[PDB]
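Engineer: So that we are looking at the same thing, I have put the structure below in structure tokens.
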Amino acid sequence: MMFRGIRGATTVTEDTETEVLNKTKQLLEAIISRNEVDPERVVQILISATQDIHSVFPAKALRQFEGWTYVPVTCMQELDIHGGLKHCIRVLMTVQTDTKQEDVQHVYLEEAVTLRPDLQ
Amino acid sequence: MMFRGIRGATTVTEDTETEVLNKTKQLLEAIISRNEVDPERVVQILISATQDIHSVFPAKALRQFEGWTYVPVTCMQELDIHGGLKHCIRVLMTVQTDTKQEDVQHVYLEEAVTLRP
Amino acid sequence: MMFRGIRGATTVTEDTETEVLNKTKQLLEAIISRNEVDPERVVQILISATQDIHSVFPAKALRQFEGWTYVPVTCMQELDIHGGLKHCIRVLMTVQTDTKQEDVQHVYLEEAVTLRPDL
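Residue numbers (the numbering used here), protein chains in the order written: chain D, 721 to 840; chain S, 9 to 125; chain R, 2 to 120.
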């Protein structure tokens, strides 16, 4: 019974509640599908946002996910790095999975494609 | 065994070390008691605070729990969300437990009772 | 099999990329060596920095570690505590290890040496 962190990153086009929730939802949906994540196997989720996002906690998006009511989630501010990607939401989901470490599916969407390791 | 995150949240009325530590201690005490948490089964603890809290690291409250000296804890700044609860301290404790996900008892105290689902 | 957080802390003399990366690398190297950490056993890593560090994400230092390219890592902002250490980088590495809680070797370097828990 092993555990793995699963990362995701995305961006919003503006700091509005609809955009923050929709983009966070889309990122979570991709993490969940690609890693076949059962909510009952999720230890916890962390979600960071850059300090230019104030409209809504990205964690509220989890309310839209059937079966995820009891998955603990909390947020944190991301560092403000010169040249860092603006309006960026990052997920670190801790899942009970037996997949080999190198075979975990980390997800980069929207402008956060630019953070994908192979593009560095 | 399985592992589970346990959430808590509380608030203080002012940014003082006494209030931050007292309220953080009371929140941790409730998490620990209601979930029968032994320190050796705690992987780690994260504690966030809103950016109106500068008085003390909430992690210092662990000094009041005998046997918790070596439980790793680190802090982080919570997002500043318009309309979000002010002076708010949030805990995420990761614990070895076979308790079913829906039976883990998360704890919301003080003005953070408004945050409970 | 048990899981344990391993903490570290260090400081930088200036907010410049190569200083931040080298200090973070040195802290990670010490955590890894002293705890004999196999990357494949690491669930995830968090690295925080105080609000006076803007030059680079400390997490970029992990790219310098052969064998660690699949370890997930992300950053966050540390609280700004009056009397807290300035220019401070902190690590929380979550490792699958059966080592007893009191035997884990948490690492405190540079100006952060007095932050160790039992002090």
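Cβ atoms here follow ideal geometry from the backbone N, Cα and C, with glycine treated the same way.
Under the three-state reduction of DSSP, which class applies to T794(D): helix, strand or coil?
Structural biologist: For the purposes of this step, residue 794(D) is taken as residue 74 along the first sequence, with counting starting at 1. Residue state, collapsed to three classes: strand.
Engineer: Measuring straight from C-alpha to C-alpha, what distance separates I39(S) and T102(S)?
Structural biologist: Position 31 of the second sequence, counting from 1, holds the residue named residue 39(S). Position 94 of the second sequence, counting from 1, holds the residue named residue 102(S). Using only the alpha carbons, I get a separation of about 11 angstroms.
Engineer: Does the beta carbon of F785(D) come closer than 9 angstroms to any beta carbon on chain R?
Structural biologist: To locate residue 785(D), count along the first sequence from 1; it is residue 65. No, no contact with chain R.
Engineer: Measure how close the beta-carbons of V99(S) and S63(S) come, nearest whole angstrom, since I'm counting them as under 8 angstroms.
Structural biologist: On the second sequence, position 91 is the one that residue 99(S) refers to. On the second sequence, position 55 is the one that residue 63(S) refers to. No, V99(S) and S63(S) are not in contact; Cβ-Cβ is about 17 angstroms, not under 8 angstroms.
Engineer: Is there at least one Cβ from chain S nearer than 9 angstroms to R35(R)'s Cβ?
Structural biologist: Here the question's residue 35(R) lines up with position 34 in the third sequence. Not an interface residue.
Engineer: Any Cβ of chain D within less than 9 angstroms of the Cβ of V44(R)?
Structural biologist: Your numbering for residue 44(R) matches position 43 in the third sequence. With 9 angstroms as the cut-off, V44(R) counts as an interface residue toward chain D.
Engineer: Roughly how many angstroms lie between the CA atoms of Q109(S) and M9(S), to the nearest whole one?
Structural biologist: Residue 109(S) sits at position 101 when you count from the first residue of the second sequence. Residue 9(S) sits at position 1 when you count from the first residue of the second sequence. Spanning the two alpha carbons is a distance of roughly 13 angstroms.
Engineer: Please compile the residues from chain S whose C-beta is within a distance smaller than 7 angstroms of the C-beta of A769(D).
Structural biologist: On the first sequence, residue 769(D) is found 49 positions in, with the first residue counted as 1. Here the neighbours are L87.
Engineer: Measuring CA to CA, which of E734(D), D758(D), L799(D) is closest to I767(D)?
Structural biologist: The residue you call residue 767(D) lines up with position 47 of the first sequence. The option with the nearest alpha carbon to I767(D) is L799(D).
Engineer: Could you pull out every residue in the same chain whose Cβ sits closer than 6 angstroms to the Cβ of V51(S), ignoring the five residues on either side in sequence?
Structural biologist: Stepping through the second sequence from its first residue, residue 51(S) is reached at position 43. Only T102 meet the Cβ criterion.
Engineer: Return no unless some Cβ of chain R is closer than 9 angstroms to the Cβ of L93(S).
Structural biologist: As a working mapping, residue 93(S) is identified with position 85 in the second sequence. No, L93(S) does not count as interfacial toward chain R.
Engineer: In the region 93 to 121 of chain S, which residues sit with their C-beta less than 8 angstroms from some C-beta in chain R, listed in chain order?
Structural biologist: Under the 8 angstroms Cβ criterion, the region 93 to 121 of chain S contributes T102, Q104.
Engineer: Just list the beta strand (DSSP E) runs in the region 726 to 775 of chain D, keeping only unbroken ones of 3 residues or longer that don't cross its boundaries, in chain order.
Structural biologist: Listed in chain order, they are 762 to 769.
Engineer: State the CB to CB distance for the pair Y116(S) and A17(S), rounded to an integer number of angstroms; the pair is presumed to be in contact (CB under 8 angstroms).
Structural biologist: Here residue 116(S) refers to the residue found at position 108 of the second sequence. Here residue 17(S) refers to the residue found at position 9 of the second sequence. Yes, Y116(S) and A17(S) are in contact; Cβ-Cβ is about 5 angstroms, under 8 angstroms.
Engineer: Alpha carbons only, please: which of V112(S), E74(S), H114(S), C96(S) is nearest the one belonging to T32(S)?
Structural biologist: Walking along the second sequence from the start, residue 32(S) turns up at place 24. Here the closest residue by C-alpha is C96(S).
Engineer: What does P118(R) touch in chain S if you count any residue whose Cβ is under 7 angstroms from its own?
Structural biologist: Within the third sequence, numbered from 1, the residue matching residue 118(R) stands at position 117. Residues of chain S passing the Cβ test: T77, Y78.
Engineer: Please confirm whether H802(D) has its beta-carbon closer than 9 angstroms to some beta-carbon of chain R.
Structural biologist: On the first sequence, residue 802(D) is found 82 positions in, with the first residue counted as 1. For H802(D), the answer is yes, since a Cβ of chain R falls inside 9 angstroms of its Cβ.
Engineer: Let's see if you can read the secondary structure: which residues bound the beta strand (DSSP E) around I89(S)?
Structural biologist: Along the second sequence, read from residue 1 onward, the residue named residue 89(S) stands at position 81. Careful: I89(S) lies outside any beta strand (DSSP E) and carries neither H nor E.
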